[PDB]
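**Student:** For reference, the structure I am asking about is given below.
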Amino acid sequence: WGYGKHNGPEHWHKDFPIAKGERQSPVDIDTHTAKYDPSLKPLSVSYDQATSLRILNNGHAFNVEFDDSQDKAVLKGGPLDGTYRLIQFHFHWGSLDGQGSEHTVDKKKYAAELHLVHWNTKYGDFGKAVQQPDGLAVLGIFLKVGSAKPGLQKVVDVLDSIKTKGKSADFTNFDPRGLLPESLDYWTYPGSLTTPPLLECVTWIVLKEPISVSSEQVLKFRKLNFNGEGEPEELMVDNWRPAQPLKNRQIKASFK
Ligand SMILES: NS(=O)(=O)c1ccc(C(=O)NCCCCNCS)cc1
Ligand SMILES: [Hg+2]
Ligand SMILES: [Zn+2]
């Protein structure tokens with residue numbers, strides 16, 4: 001599977017039937033139809049004792065992995081019940097600034113979108129979490145083009161080393177707090193993974209406030225390769241899945 005005409009999102013259903021399920025992601029967030037929910041508690045993002053380990057190019061994006069063998073960088077509060085451990089984070093971006101985010105706000109697409117992945121600790125491990133309806137919590141954050149995001153340059157500078165599919169490199173002491181916007185106001189709804197196996201186990205928390213990154217910083221994302229070393233070069237761009245039908249679901253807001 002991939003993002004090409006012949007193996008892109010419109011073909012995924014052939015191997016992963018759930019692609020046409022009842023709670024798939026991403027989706028369009030209709031701000032006026034969203035319901036401000038007063039019962040929603042505050043989001044509690046605790047990244048102070050976080051430990052990054054490696055950065056890897058998996059052929060569809062690059063993942064910064066974290067040591068989740070202890071509660072070090074966790075997510076809780078908001079719509080969640082229980083603690084979720086941060087396992088990794090990746091992005092989805094476009095070939096042009098006007099596209100790239102998976103989720104959209106009133107049909108508006110951003111240049112990229114960050115996914116901080118967390119799994120519910122009551123299920124023992126990531127593999128067990130994906131066998132549960134409330135197994136994962138992904139914190140989504142939109143990227144717009146403007147000023148440079150300082151907390152992003154360490155990531156951007158390492159991309160030279162992970163150009164092709166399969167490469168990785170040590171990436172310790174990275175602080176994910178530098179990728180968070182000032183506000184934690186969010187939209188929340190029950191969805192899925194946006195890439196196969198597309199399992200429906202995610203409680204999506206998409207933040208209202210976007211972060212800014214320079215034009216220079218996004219380009220470097222576009223220099224990565226989908227292919228491995230010694231194969232025709234395919235620039236890793238447009239690695240995003242379009243909005244899916246909302247169906248019998250309502251998006252709730254933490255603000256008004
Ligand atoms: N895009 S996202 O943040 O929603 C997202 C987050 C995590 C994964 C992930 O871990 N996929 C690997 C599936 C392993 C489970 N074995 C099932 S067959 C995918 C998408
Ligand atoms: Hg699930
Ligand atoms: Zn993702």
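Convention: chains lettered A, B, ... in structure tokens order; per-chain residue numbering from 1; ligands numbered from 1 as shown.
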Determine, counting only C-alpha atoms, which protein, DNA and RNA residues have an atom within 12 Å of an atom of segment 124-130 of chain A; residues of the same chain fewer than 2 positions away are not included. Present the result as a PDB file with N, CA, C and O atoms, in the first residue's frame.
**Tutor:**
ATOM      1  N   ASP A  68       8.856   3.749  26.082  1.00  0.00           N
ATOM      2  CA  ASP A  68       7.582   3.670  26.795  1.00  0.00           C
ATOM      3  C   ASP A  68       7.487   2.484  27.743  1.00  0.00           C
ATOM      4  O   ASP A  68       6.419   1.900  27.890  1.00  0.00           O
ATOM      5  N   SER A  69       8.597   2.114  28.375  1.00  0.00           N
ATOM      6  CA  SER A  69       8.597   0.994  29.318  1.00  0.00           C
ATOM      7  C   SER A  69       8.284   1.474  30.740  1.00  0.00           C
ATOM      8  O   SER A  69       8.289   0.685  31.686  1.00  0.00           O
ATOM      9  N   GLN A  70       8.069   2.781  30.882  1.00  0.00           N
ATOM     10  CA  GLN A  70       7.738   3.410  32.160  1.00  0.00           C
ATOM     11  C   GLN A  70       6.953   4.656  31.813  1.00  0.00           C
ATOM     12  O   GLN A  70       7.082   5.173  30.705  1.00  0.00           O
ATOM     13  N   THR A  83      -4.360   6.585  31.909  1.00  0.00           N
ATOM     14  CA  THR A  83      -3.109   7.105  31.387  1.00  0.00           C
ATOM     15  C   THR A  83      -2.686   6.430  30.070  1.00  0.00           C
ATOM     16  O   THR A  83      -2.808   5.207  29.902  1.00  0.00           O
ATOM     17  N   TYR A  84      -2.209   7.243  29.129  1.00  0.00           N
ATOM     18  CA  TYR A  84      -1.742   6.768  27.827  1.00  0.00           C
ATOM     19  C   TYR A  84      -0.269   7.140  27.662  1.00  0.00           C
ATOM     20  O   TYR A  84       0.106   8.303  27.841  1.00  0.00           O
ATOM     21  N   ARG A  85       0.555   6.161  27.304  1.00  0.00           N
ATOM     22  CA  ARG A  85       1.993   6.372  27.096  1.00  0.00           C
ATOM     23  C   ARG A  85       2.364   6.762  25.659  1.00  0.00           C
ATOM     24  O   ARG A  85       1.899   6.153  24.692  1.00  0.00           O
ATOM     25  N   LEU A  86       3.227   7.761  25.533  1.00  0.00           N
ATOM     26  CA  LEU A  86       3.695   8.213  24.235  1.00  0.00           C
ATOM     27  C   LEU A  86       4.670   7.164  23.674  1.00  0.00           C
ATOM     28  O   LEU A  86       5.669   6.812  24.319  1.00  0.00           O
ATOM     29  N   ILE A  87       4.362   6.652  22.488  1.00  0.00           N
ATOM     30  CA  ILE A  87       5.205   5.649  21.851  1.00  0.00           C
ATOM     31  C   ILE A  87       6.033   6.214  20.685  1.00  0.00           C
ATOM     32  O   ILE A  87       7.184   5.822  20.484  1.00  0.00           O
ATOM     33  N   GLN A  88       5.455   7.147  19.932  1.00  0.00           N
ATOM     34  CA  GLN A  88       6.139   7.756  18.791  1.00  0.00           C
ATOM     35  C   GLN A  88       5.336   8.911  18.207  1.00  0.00           C
ATOM     36  O   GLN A  88       4.192   9.157  18.616  1.00  0.00           O
ATOM     37  N   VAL A 117       1.503   9.766  19.075  1.00  0.00           N
ATOM     38  CA  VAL A 117       0.783   8.535  19.388  1.00  0.00           C
ATOM     39  C   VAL A 117       0.971   8.040  20.818  1.00  0.00           C
ATOM     40  O   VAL A 117       2.107   7.940  21.293  1.00  0.00           O
ATOM     41  N   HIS A 118      -0.150   7.742  21.494  1.00  0.00           N
ATOM     42  CA  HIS A 118      -0.151   7.243  22.878  1.00  0.00           C
ATOM     43  C   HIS A 118      -1.077   6.027  23.006  1.00  0.00           C
ATOM     44  O   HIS A 118      -2.170   6.033  22.449  1.00  0.00           O
ATOM     45  N   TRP A 119      -0.659   5.014  23.768  1.00  0.00           N
ATOM     46  CA  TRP A 119      -1.465   3.808  24.007  1.00  0.00           C
ATOM     47  C   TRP A 119      -1.893   3.691  25.482  1.00  0.00           C
ATOM     48  O   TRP A 119      -1.137   4.042  26.389  1.00  0.00           O
ATOM     49  N   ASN A 120      -3.114   3.218  25.714  1.00  0.00           N
ATOM     50  CA  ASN A 120      -3.664   3.062  27.065  1.00  0.00           C
ATOM     51  C   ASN A 120      -2.895   2.008  27.864  1.00  0.00           C
ATOM     52  O   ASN A 120      -2.882   0.828  27.499  1.00  0.00           O
ATOM     53  N   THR A 121      -2.333   2.430  29.000  1.00  0.00           N
ATOM     54  CA  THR A 121      -1.530   1.559  29.856  1.00  0.00           C
ATOM     55  C   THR A 121      -2.264   0.398  30.527  1.00  0.00           C
ATOM     56  O   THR A 121      -1.622  -0.542  31.002  1.00  0.00           O
ATOM     57  N   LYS A 122      -3.594   0.444  30.579  1.00  0.00           N
ATOM     58  CA  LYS A 122      -4.316  -0.655  31.212  1.00  0.00           C
ATOM     59  C   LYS A 122      -4.314  -1.919  30.337  1.00  0.00           C
ATOM     60  O   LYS A 122      -4.732  -2.988  30.775  1.00  0.00           O
ATOM     61  N   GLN A 132      -8.341  -3.013  21.227  1.00  0.00           N
ATOM     62  CA  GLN A 132      -9.347  -2.367  22.055  1.00  0.00           C
ATOM     63  C   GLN A 132      -9.901  -1.058  21.475  1.00  0.00           C
ATOM     64  O   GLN A 132      -9.148  -0.254  20.916  1.00  0.00           O
ATOM     65  N   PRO A 133     -11.216  -0.805  21.661  1.00  0.00           N
ATOM     66  CA  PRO A 133     -11.947   0.390  21.198  1.00  0.00           C
ATOM     67  C   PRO A 133     -11.432   1.709  21.822  1.00  0.00           C
ATOM     68  O   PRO A 133     -11.559   2.777  21.233  1.00  0.00           O
ATOM     69  N   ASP A 134     -10.867   1.626  23.017  1.00  0.00           N
ATOM     70  CA  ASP A 134     -10.316   2.793  23.709  1.00  0.00           C
ATOM     71  C   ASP A 134      -8.833   2.514  23.990  1.00  0.00           C
ATOM     72  O   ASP A 134      -8.319   2.781  25.082  1.00  0.00           O
ATOM     73  N   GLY A 135      -8.156   1.951  22.997  1.00  0.00           N
ATOM     74  CA  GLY A 135      -6.769   1.596  23.173  1.00  0.00           C
ATOM     75  C   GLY A 135      -5.759   2.683  22.927  1.00  0.00           C
ATOM     76  O   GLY A 135      -4.712   2.701  23.585  1.00  0.00           O
ATOM     77  N   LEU A 136      -6.052   3.597  22.010  1.00  0.00           N
ATOM     78  CA  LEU A 136      -5.087   4.637  21.701  1.00  0.00           C
ATOM     79  C   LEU A 136      -5.643   6.038  21.735  1.00  0.00           C
ATOM     80  O   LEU A 136      -6.844   6.246  21.561  1.00  0.00           O
ATOM     81  N   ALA A 137      -4.741   6.998  21.909  1.00  0.00           N
ATOM     82  CA  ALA A 137      -5.085   8.414  21.928  1.00  0.00           C
ATOM     83  C   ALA A 137      -3.990   9.127  21.151  1.00  0.00           C
ATOM     84  O   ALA A 137      -2.806   9.063  21.508  1.00  0.00           O
ATOM     85  N   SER A 192      -9.940   6.271  13.979  1.00  0.00           N
ATOM     86  CA  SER A 192      -8.993   5.180  13.677  1.00  0.00           C
ATOM     87  C   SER A 192      -7.566   5.617  13.264  1.00  0.00           C
ATOM     88  O   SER A 192      -7.229   6.805  13.270  1.00  0.00           O
ATOM     89  N   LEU A 193      -6.730   4.635  12.931  1.00  0.00           N
ATOM     90  CA  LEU A 193      -5.376   4.889  12.449  1.00  0.00           C
ATOM     91  C   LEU A 193      -5.633   5.377  11.034  1.00  0.00           C
ATOM     92  O   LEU A 193      -6.587   4.925  10.398  1.00  0.00           O
ATOM     93  N   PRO A 197      -2.958  -0.912   9.465  1.00  0.00           N
ATOM     94  CA  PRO A 197      -4.240  -1.628   9.374  1.00  0.00           C
ATOM     95  C   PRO A 197      -5.556  -0.867   9.630  1.00  0.00           C
ATOM     96  O   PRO A 197      -6.615  -1.484   9.671  1.00  0.00           O
ATOM     97  N   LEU A 198      -5.492   0.457   9.780  1.00  0.00           N
ATOM     98  CA  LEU A 198      -6.691   1.285   9.982  1.00  0.00           C
ATOM     99  C   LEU A 198      -7.636   0.820  11.100  1.00  0.00           C
ATOM    100  O   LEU A 198      -8.841   1.044  11.037  1.00  0.00           O
ATOM    101  N   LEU A 199      -7.084   0.213  12.142  1.00  0.00           N
ATOM    102  CA  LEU A 199      -7.880  -0.285  13.262  1.00  0.00           C
ATOM    103  C   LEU A 199      -8.642   0.846  13.966  1.00  0.00           C
ATOM    104  O   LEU A 199      -8.117   1.955  14.151  1.00  0.00           O
ATOM    105  N   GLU A 200      -9.883   0.576  14.349  1.00  0.00           N
ATOM    106  CA  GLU A 200     -10.708   1.587  15.016  1.00  0.00           C
ATOM    107  C   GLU A 200     -10.553   1.533  16.546  1.00  0.00           C
ATOM    108  O   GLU A 200     -11.370   0.943  17.252  1.00  0.00           O
ATOM    109  N   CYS A 201      -9.488   2.161  17.045  1.00  0.00           N
ATOM    110  CA  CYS A 201      -9.171   2.150  18.478  1.00  0.00           C
ATOM    111  C   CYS A 201      -8.685   3.490  18.991  1.00  0.00           C
ATOM    112  O   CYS A 201      -8.172   3.570  20.103  1.00  0.00           O
ATOM    113  N   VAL A 202      -8.886   4.543  18.220  1.00  0.00           N
ATOM    114  CA  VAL A 202      -8.374   5.847  18.594  1.00  0.00           C
ATOM    115  C   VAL A 202      -9.345   6.911  19.064  1.00  0.00           C
ATOM    116  O   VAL A 202     -10.384   7.140  18.456  1.00  0.00           O
ATOM    117  N   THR A 203      -8.970   7.578  20.146  1.00  0.00           N
ATOM    118  CA  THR A 203      -9.731   8.685  20.687  1.00  0.00           C
ATOM    119  C   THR A 203      -8.913   9.875  20.192  1.00  0.00           C
ATOM    120  O   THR A 203      -7.855  10.184  20.746  1.00  0.00           O
TER     121      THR A 203
END
**Student:** Write out as a list in words each polymer residue (protein, DNA or RNA) that has an atom no more than 8 Å from ligand 3, with only C-alpha atoms and all ligand atoms counted.
**Tutor:**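 Here is the list of contacting residues: residues 89, 90, 91, 92, 113, 114, 115, 193, 194 and 195 of chain A.
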**Student:** Between A:111, A:148, A:205, A:155, which has the minimum distance to ligand 1 (counting only C-alpha atoms and all ligand atoms)?
**Tutor:**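 Between A:111, A:148, A:205, A:155, the residue approaching ligand 1 most closely is A:205.
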**Student:** Counting only C-alpha atoms and all ligand atoms, which of A:208, A:144, A:60, A:247 gets nearest to ligand 1?
**Tutor:**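 Under the stated criterion, the closest residue is A:60.
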